[PDB]
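Contents: one structure, followed by commentary.
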Number of protein chains: 2
Amino acid sequence: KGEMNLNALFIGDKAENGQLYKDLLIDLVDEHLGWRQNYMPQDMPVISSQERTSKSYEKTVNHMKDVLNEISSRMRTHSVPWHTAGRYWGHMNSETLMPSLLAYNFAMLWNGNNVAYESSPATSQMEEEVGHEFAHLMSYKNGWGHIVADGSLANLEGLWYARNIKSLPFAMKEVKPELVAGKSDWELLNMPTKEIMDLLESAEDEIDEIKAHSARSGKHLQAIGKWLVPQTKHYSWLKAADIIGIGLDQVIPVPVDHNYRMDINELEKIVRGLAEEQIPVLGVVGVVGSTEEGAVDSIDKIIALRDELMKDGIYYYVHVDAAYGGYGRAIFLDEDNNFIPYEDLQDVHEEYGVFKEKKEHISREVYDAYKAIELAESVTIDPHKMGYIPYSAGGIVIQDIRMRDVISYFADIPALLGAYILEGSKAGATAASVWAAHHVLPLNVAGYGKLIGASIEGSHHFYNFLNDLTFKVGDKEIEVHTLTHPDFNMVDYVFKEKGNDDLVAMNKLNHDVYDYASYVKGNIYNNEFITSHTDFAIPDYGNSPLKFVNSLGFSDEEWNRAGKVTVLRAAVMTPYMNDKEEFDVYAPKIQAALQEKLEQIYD
Amino acid sequence: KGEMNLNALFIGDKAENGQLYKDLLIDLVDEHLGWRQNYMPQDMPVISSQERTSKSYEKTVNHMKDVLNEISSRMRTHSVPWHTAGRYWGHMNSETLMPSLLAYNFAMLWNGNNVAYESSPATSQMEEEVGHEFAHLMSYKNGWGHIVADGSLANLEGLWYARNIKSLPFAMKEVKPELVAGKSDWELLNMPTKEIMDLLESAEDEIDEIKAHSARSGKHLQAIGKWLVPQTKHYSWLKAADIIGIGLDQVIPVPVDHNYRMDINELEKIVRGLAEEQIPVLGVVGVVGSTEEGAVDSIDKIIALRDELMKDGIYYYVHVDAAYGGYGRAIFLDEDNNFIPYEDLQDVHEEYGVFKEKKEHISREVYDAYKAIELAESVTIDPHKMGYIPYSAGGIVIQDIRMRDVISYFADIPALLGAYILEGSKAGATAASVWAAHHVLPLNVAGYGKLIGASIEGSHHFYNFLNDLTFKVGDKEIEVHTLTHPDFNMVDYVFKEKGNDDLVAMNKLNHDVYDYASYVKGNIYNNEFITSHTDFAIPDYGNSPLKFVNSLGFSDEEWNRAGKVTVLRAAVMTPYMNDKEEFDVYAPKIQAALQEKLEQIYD
């Protein structure tokens with residue numbers, strides 16, 4: 001219907017839509033209360049009018065008010081003000097979508113448990129539809145998904161999938177070897193997932209016995225191979241290998257580019273070398289939107305390599321860690337859910353208001369990586385990251401709905417969703433919260449695409465503001481340098497001193513800027529500019545920052561003496577800074593806050 | 001302060017405290033909105049008055065209303081009416097505590113992430129205090145805890161703890177063998193947890209290397225032993241072994257009593273026999289409040305056995321699965337957190353209003369099992385079970401805070417709570433929700449004890465109502481029989497036909513009663529009595545139901561032909577039925593609903 005105003009879907013940076021929230025909040029509560037009253041309306045209230053006017057009641061209600069006042073005082077002292085339109089330039093945190101907020105409080109009054117359809121039939125239908133909406137967002141044709149408590153656990157679930165799947169060929173040899181007849185042990189440890197799944201579903205009556213011999217039994221966990229991840233992986237990946245049983249020792253880091261994307265040359269070397277030693281590859285993780293720089297792995301190149309290695313009898317499962325960037329795929333989808341051709345992107349984005357200025361905002365590389373996600377076996381996606389849905393809500397998508405049979409337990413809508421997932425009890429309110437967002441904002445250019453676009457355009461205005469931003473702090477001149485052009489909406493940057501060639505000193509300078517632009521120094525409620533900070537250390541980044549550190553004047557020797565570069569990171573998730581005029585209101589306020597802060601660092 | 005009215009802490013079975021909820025809800029929102037406005041009050045609202053009167057805004061706000069109306073219609077058609085005071089006799093579900101509801105919606109407006117202290121400093125302090133409150137509820141003197149996404153994942157975390165801990169002796173031999181000098185391999189696989197932890201903390205600079213050789217590496221997962229659980233375990237336990245890497249094959253079920261409690265004679269046989277084969281015991285799970293019958297394992301007897309086996313060089317880790325019954329421990333604690341002596345229980349409970357009638361409600365066996373929980377290494381406890389806190393919120397407690405070093409990652413309040421836990425991102429609103437409940441209701445007889453007591457007394461009135469409850473359905477006479485005396489607040493029961501000796505037929509009768517007392521038959525909004533149902537099948541219960549099935553007239557041959565008994569279960573969590581007069585209002589309404597329903601089954 002034409003174009004949706006995103007400004008009506010947030011409470012506001014200055015509570016501009018606070019009466020809208022409060023009025024819809026109360027209307028929903030009233031609808032719940034009316035529902036309670038008219039279940040068995042012949043029942044009289046067990047709580048008497050006299051009991052609600054008693055002193056026992058007032059003393060308990062007053063103790064309750066004291067506790068709520070203590071919570072309120074603490075919340076209002078220390079919580080971070082990332083609701084602001086253009087002063088918060090840090091972590092993956094902004095405002096959340098009002099329809100999600102409203103639906104969550106609404107559903108929580110029913111307190112349905114989604115682990116079993118009987119507890120809340122409607123929140124369980126909603127979660128099923130959410131999973132299909134995840135699969136359609138990923139362009140899967142017979143996929144599935146469900147809400148996971150968070151992205152860390154959704155990653156662990158993907159490794160649960162890959163680990164059990166890779167063990168299935170061995171277990172078919174022990175239970176019904178007819179299916180894997182004439183196949184070498186190396187051939188078994190390199191069967192494509194579709195083939196493993198087509199053979200598992202073919203052997204109807206023996207699936208339970210095959211699964212009983214799979215990695216579920218505890219056996220062959222070192223036989224199934226190495227787990228390959230970017231060297232800058234999210235630390236949940238170490239925890240996933242640890243927990244799932246393959247162990248920390250079965251994790252191989254793949255070096256990243258000077259754009260902090262997995263090096264596909266390095267990936268080929270490690271995979272092919274491992275095949276020479278006949279050590280299988282359990283799987284490869286492609287990161288769409290990395291935690292510290294917003295980089296997008298060339299998932300296209302990763303799957304293309306996998307197609308080229310199957311000719312040489314090498315297969316790897318691909319899991320996409322799109323916890324951060326997963327909802328971003330909506331920017332490429334038209335209202336019929338077809339991926340928009342790259343040549344037509346700027347025209348569709350102008351027609352749908354995704355981007356205000358008609359120029360390139362997304363590279364064909366990022367476009368091609370997002371398109372190739374449909375070829376991966378499974379994806380982690382966080383509704384509470386770029387879905388703008390309140391914590392806590394992660395997600396997983398699987399390419400073939402039949403894969404859930406490799407983890408299912410019995411010992412359409414599932415009667416026990418806890419039978420098809422890693423976790424147990426789940427709030428139906430979380431499902432209602434995600435469903436509301438997906439149904440106010442369709443998962444394409446007509447809805448979420450417009451929200452992702454505003455985030456990306458806001459990130460690009462800040463990038464250009466930081467590029468060539470210079471300050472005069474006494475006799476010293478401090479310059480700003482962006483790390484790399486953003487693959488998504490995250491902009492990293494550093495402060496350095498002109499003429500100073502000491503990298504340890506620049507890391508002190510950026511650590512001092514961070515201290516003043518965070519809760520470390522001062523009251524966070526009085527801070528005029530807030531950001532985050534991360535260390536690019538040689539143990540984890542290698543020399544991938546070296547090209548960047550050299551561009552600023554530092555030598556390869558200064559790089560090794562410091563061992564690291566401290567960078568400031570801004571995951572620009574505010575939806576308000578895409579309009580250049582609105583950004584220009586906050587540009588002087590940002591520079592002014594940074595001036596005051598630099599002048600404090602040097603006195 | 002004297003006694004708290006529980007009736008002021010719930011919205012109500014008939015929304016009697018709905019204005020209280022709505023007024024406190026709005027007061028909290030207003031406090032949040034005022035906080036937003038006065039962060040940088042010099043900033044003007046970026047959303048203009050003209051934009052909020054635009055047609056773009058109205059069309060988006062109206063589409064939002066359409067979506068909320070769709071959610072409302074679906075919620076109000078299928079959700080379960082367990083808010084009712086005395087018509088819902090089923091799953092672990094009633095009303096939730098209003099202070100939790102209020103605090104959750106309040107905190108969600110800030111949307112803090114508890115995985116890192118920086119995201120929300122106050123919700124992270126609240127979760128730390130919650131963990132200490134968990135530890136004090138368990139009478140641990142230097143314990144710890146944190147909120148887990150649910151109880152299934154909290155169980156998986158306990159197995160992560162035990163699995164890594166059991167592997168530590170082997171890994172000390174490979175990194176710093178001085179600590180475990182002169183110790184046989186069997187001695188290493190039977191070192192007490194305190195000793196493993198005292199030796200790990202002694203070896204300061206090598207802890208990281210020792211951990212790198214622990215089960216985190218993936219090695220020795222079959223060497224660490226068998227995981228012993230009750231034969232009626234919650235299915236999350238199978239999933240836990242599967243996921244954690246020891247495998248489904250390393251799980252040994254221990255038979256249960258005719259009270260459906262773990263048979264400590266059978267436990268001794270299996271543990272001692274395993275020691276003859278020098279197969280270690282990874283750990284034993286004691287269930288405090290089982291899912292299907294509310295049974296309480298004799299945790300005292302389990303730990304006492306462990307003390308007797310350490311003389312013969314056998315040690316086992318004990319994890320308490322108190323997801324359901326964990327908050328029940330509050331009924332035994334006085335305001336100084338000392339466990340009340342059993343002889344003084346009825347007197348303290350009368351003084352604090354925990355029980356209305358001064359009689360035995362809790363057995364010394366259940367009392368002794370709850371007291372012995374303080375000797376276990378770790379406990380699963382669900383705030384969203386008998387803590388009356390909304391989904392989704394589980395919990396874990398550890399006896400020694402130093403145990404978290406066996407799972408910690410760096411690769412007082414933690415700066416990264418995600419470094420000390422199994423999961424990743426966590427809603428600070430969940431912490432505020434639990435903290436609010438713990439601070440309106442102290443975790444002893446002055447608070448939660450009064451709520452647990454009302455639940456237990458309500459369960460006991462229903463037990464006595466069902467005992468000797470007979471119906472005349474045509475020429476047939478249908479009788480009600482309770483399964484066993486409740487160890488807690490869960491009452492199982494069956495309908496049977498007088499003179500009918502067909503167990504398969506009784507299982508049909510109880511399946512037909514369930515169908516009419518659930519969403520299966522009819523509109524759930526029109527159902528006058530709701531319950532749940534479960535099957536006691538020989539593969540999982542053995543012949544533990546045989547004594548019960550014989551008491552009703554069935555033979556051991558009928559038991560084997562049916563293979564199972566279908567029982568109805570009522571986890572009496574309503575807080576309204578402890579007053580006998582109030583129960584007597586709903587007794588005729590229950591019988592009437594059951595009469596109508598039986599008369600439908602037979603026509």
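Chain identifiers are assigned alphabetically (A, B, ...) following the order of the sequence lines, protein sequences preceding nucleic acid strands; residue numbering begins at 1 within each chain.
Residue B/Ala429: no heavy atom, backbone or side chain, is found under 4.5 Å from chain A. Only the side chain of B/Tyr576 comes within less than 4.5 Å of a heavy atom in chain A; its backbone stays farther off. Of the two parts of B/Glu95, only the side chain, counted from C-beta on, holds a non-hydrogen atom closer than 4.5 Å to a non-hydrogen atom of chain A. Contacts between B/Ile47 and chain A at a heavy-atom distance below 4.5 Å involve backbone atoms as well as side-chain atoms. Only the side chain of A/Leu24 comes within less than 4.5 Å of a heavy atom in chain B; its backbone stays farther off.
Options B/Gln222, B/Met64, B/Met44 differ in how many heavy-atom pairs under 4.5 Å they form with chain A, and the most are formed by B/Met64.
To the nearest 0.5 Å, the span separating CE on A/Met4 from OH on B/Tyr57 amounts to 14.0 Å. Distance CG/B/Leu156 to CD/A/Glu423: 11.5 Å, rounded to 0.5 Å. Going from atom CZ of A/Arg36 over to atom OG1 of B/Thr84 covers 10.5 Å, rounded to the nearest 0.5 Å. For the atom pair B/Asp249 CG and A/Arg216 CZ, the distance stands at 11.0 Å (nearest 0.5 Å). Between atom CZ of residue A/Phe106 and atom CG of residue B/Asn105 there is a gap of 13.0 Å, rounded to the nearest 0.5 Å. Considering NZ of B/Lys22 and CG of A/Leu25, their distance stands at 10.5 Å, rounded to 0.5 Å.
In this structure, B/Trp435 and A/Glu70 approach most closely via the heavy-atom pair CH2-CG, 3.6 Å. Looking at every heavy atom in both residues, A/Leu221 comes nearest to B/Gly245 through CD1-O, 3.6 Å. Closest non-hydrogen pair, A/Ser152 versus B/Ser425, comes out as OG-N, 4.4 Å.
At least one donor-acceptor pair closer than 3.5 Å links the side chain of B/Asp150 to the backbone N or O of A/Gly424.
Side chains of A/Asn111 and B/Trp82: a donor-acceptor N/O pair is absent below 3.5 angstrom, by distance only.
Taking the centre of each ring, B/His78 and A/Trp110 stay at or above the 6.0 Å mark.
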